[PDB]
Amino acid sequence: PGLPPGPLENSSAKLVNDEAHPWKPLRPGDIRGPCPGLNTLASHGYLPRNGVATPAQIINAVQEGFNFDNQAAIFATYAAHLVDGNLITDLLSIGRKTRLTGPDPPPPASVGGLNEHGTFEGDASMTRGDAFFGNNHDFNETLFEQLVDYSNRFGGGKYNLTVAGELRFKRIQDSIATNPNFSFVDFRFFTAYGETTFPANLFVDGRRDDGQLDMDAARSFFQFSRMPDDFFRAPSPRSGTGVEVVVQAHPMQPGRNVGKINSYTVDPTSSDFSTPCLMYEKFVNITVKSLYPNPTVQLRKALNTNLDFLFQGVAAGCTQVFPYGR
């Protein structure tokens, strides 16, 4: 594995929909998944256009194309790679499972790409349906139209953090009401909130950076993986700033439905926003370790390297944990 890239040398706003990075349609075999950011980077050639990439390629692409901040890029990328990528070949699919990531490790590891439900991807996404309903990765028009409606109602026709706060809660309540397997704990509990800020922070043209995303731009990213014509990236590195507004709108406890609709039951063993270090510790000790309980020599080495890289993205104050020793 390569070292995690460092922050941008020059993080100014600039044209990112440029001559070197044109949008192109999908070819047969090209993979897109549940993340409109990575999808857009692949469809503009910031990532390989087939949607299979190394962690270093992903980190460079999110920084260069969108000004995603370095710490956030490192944590997300290595978390995804650990649970969804091939640690020997150093390749991760941004969507469905593919033979392009190379020879698989033994069960119970899945190397399922970002489409793998319950590892990184989870329920109550804004524009993708819950995995229980049959498709956790494709753009959903009905859900996008709901995003438009919430933008009309709470954002004057634009998507902003106020809209995010209301839509985040709506999606949770809809999953509680209809998905008997709804899960909203630990890693998904965190990412579900942060992801709702990303359209306001990163899909807004960086010459404005006003947190007000228009619906034409929103559809372009969410549906077509396409930057608006003349799109400038954000003017400074960021990811989840303003997530507090989203949480404050409708504070929730982590929990799950318990095999029936309308049975949301709080999980006191889950991390929440009061215990961010616990979220990291459980991700490593439980989630990663369960996929690789007794790895062979070359896998153990790759796990430890990628776990070291993951820890670079963890907020200062947390203690590193070592599931396979040092």
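A residue's number is simply how far along the shown sequence it sits, counting from 1.
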{"item": "Selected stretch [higher average CA B-factor]: 190 to 198 or 103 to 111", "value": "103 to 111"}
{"item": "Of 243 to 251 and 124 to 132, the one with larger mean CA B-factor", "value": "243 to 251"}
{"item": "Among 59, 41, 35, 278 - the residue whose C-alpha B-factor is largest in the record", "value": "278"}
{"item": "Highest-ranked of 257, 294, 270, 67 once sorted by CA temperature factor in the record", "value": "294"}
{"item": "Residue 172 CA temperature factor, ranked by third within the chain", "value": "lowest"}
{"item": "Relative C-alpha B-factor of residue 214, binned into the chain's lowest, middle or highest third", "value": "middle"}
{"item": "Where the record places residue 229 (Cα B-factor, split into thirds across the chain)", "value": "highest"}
{"item": "Ranked against its chain, the third holding the CA B-factor of residue 181", "value": "middle"}
{"item": "Residue 208 by Cα B-factor - lowest, middle or highest third of the modelled chain", "value": "highest"}
